[PDB]
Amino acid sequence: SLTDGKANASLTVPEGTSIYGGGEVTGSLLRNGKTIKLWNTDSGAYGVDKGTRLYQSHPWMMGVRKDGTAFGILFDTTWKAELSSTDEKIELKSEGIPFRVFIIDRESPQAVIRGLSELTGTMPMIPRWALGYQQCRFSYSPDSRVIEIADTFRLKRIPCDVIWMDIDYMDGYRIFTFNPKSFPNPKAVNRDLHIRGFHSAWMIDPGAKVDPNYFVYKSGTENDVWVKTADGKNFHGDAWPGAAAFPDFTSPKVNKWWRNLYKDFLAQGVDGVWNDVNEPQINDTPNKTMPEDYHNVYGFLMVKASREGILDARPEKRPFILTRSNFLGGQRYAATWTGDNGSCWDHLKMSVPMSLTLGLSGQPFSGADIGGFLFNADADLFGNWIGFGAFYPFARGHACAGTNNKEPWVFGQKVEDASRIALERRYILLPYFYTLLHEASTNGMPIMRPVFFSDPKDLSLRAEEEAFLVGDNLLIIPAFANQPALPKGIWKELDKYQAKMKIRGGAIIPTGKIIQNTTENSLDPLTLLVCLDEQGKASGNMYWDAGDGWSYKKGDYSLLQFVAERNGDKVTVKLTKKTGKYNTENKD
């Protein structure tokens, strides 16, 4: 068909097609037939049940024919469109120029995802502690809390890894400027967070408040995006500091300026950074934007600069950077983190659908907070929340605007006991989450897989959005027993807030052991979980490394292959292959 001026798109769908895609989205939208807007602003909120634009933009969908076949459609526009695609065809109708289209027709849905990365690429490797449970807080009454939350965790024996320092650590909410009674000793006095088996995570923003007595905002700059077709002067929005000003990731002059060797100033104790409210979001004037009036890559390009800067400041530790707002190739530099929540309960389930799509929208590492911002949460909500949230690709503790509670340990011992039992399960499967992190980065699809990926040929399995998969071999059912559409075949074989775990027949899962953090990691007693299939056989692999190089330039990894075969009344489990090897090796 046709399109001409406001641009548009093509691609009519066969009947019997199951439509997925859309990136970060609302509703029980595991499947589509709905229209969404590509653009947007703090449209996370009580997020929502379908038809609303949120934080990130992904113009892509993918179709599985009633067969098992799949196809992938990418409308390559950085501009501001709107996806609106019921059963009567996929069309993206946009407000810019003519755009490129890319079409995948491959044997699988799994092959469309690999294929998207083929075009769009993968996520660069994070450290193994990016796989640990994470939390934030902050408090007032004394200097801060002096953590007490880190000690609290180890006191409780609830596995945690990373502690995020939320919002306040800034002096006036002036970025890159700790608060000088917020412990003018922000030079990383948190050897504590490192001694205690922790890694730091710090918030960053794209808003600079108007003070000439700052030490960031350089107006021997120019970077601040000019407003209006020239006008002759910068756009003052209203962010966290109010009348803050914004970098223009228009051209590289601003980017070079942004990556300032920043995290080695207060630390070295800034380990990970998150970019937030970087849509960007304006507190006042008409619907949250800015003028020039292309929008949807500002966070995308804000965050590429951070990863670009952390790399300049520290050549190789692997960077661990996260952004609220992004774009379709954005996972090359960042990971989502999925939208300040509601503690409401519609949000708890919706996380499972919301985070499935992100994988199918190319983003391996997404998580929903086990509560949110909006909050108050009872035990009953959180306890259920932690039970399957402990299996998100990215897990975290959350919440805001206290007055009080939101912790793993508030809603009693029992809720805290549920929290301990979940986190202990997560950590044991670190050798399987980790290998999976590796797949997501070499080819791979979602770490957090659809039930439907088990048999793309099965119709019963297309729309199922509550139960979910972790990496082919493990099945996760969230709150309460025996449902719903589940994959056929051999699974398990055939405590309240806990999800049901099933292991696939023909599957080998590498299992490690309870650990407090990823610090005892190199030392993991290995236990291989085996479920024999219809021929009495199981196959599996493990990926492991030091945790701060990738599939290392020099090959400092082992890639292990297990086979198990039951012949007789006895089974053998063996080691088939040993790729790589590590912790040393160089070249002449």
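Quick note: we count residues from 1 along the sequence shown, nothing fancier.
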| property | result |
| --- | --- |
| Residues of the deposited sequence left unbuilt between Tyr294 and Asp293 | 10 or more |
| Sequence continuity check, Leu494 and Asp495 (deposited residues unmodelled) | 4 to 9 |
| Per the entry, higher mean C-alpha B factor between 275-283 and 346-354 | 275-283 |
| Mean C-alpha temperature factor, higher of 391-399 and 498-506 | 391-399 |
| Options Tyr217, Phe102, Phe365, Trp385 - largest CA temperature factor per the record | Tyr217 |
| Highest-ranked of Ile19, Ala564, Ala9, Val25 once sorted by CA temperature factor in the record | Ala9 |
| Cα B factor band for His58 (lowest, middle or highest third within the chain) | middle |
| Third of chain Cα B-factors occupied by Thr120 | lowest |
| Third of the chain, ranked by Cα B-factor, where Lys553 sits | highest |
| Third of chain Cα B-factors occupied by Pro315 | middle |
| Lowest, middle or highest third - CA B-factor, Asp533 | lowest |
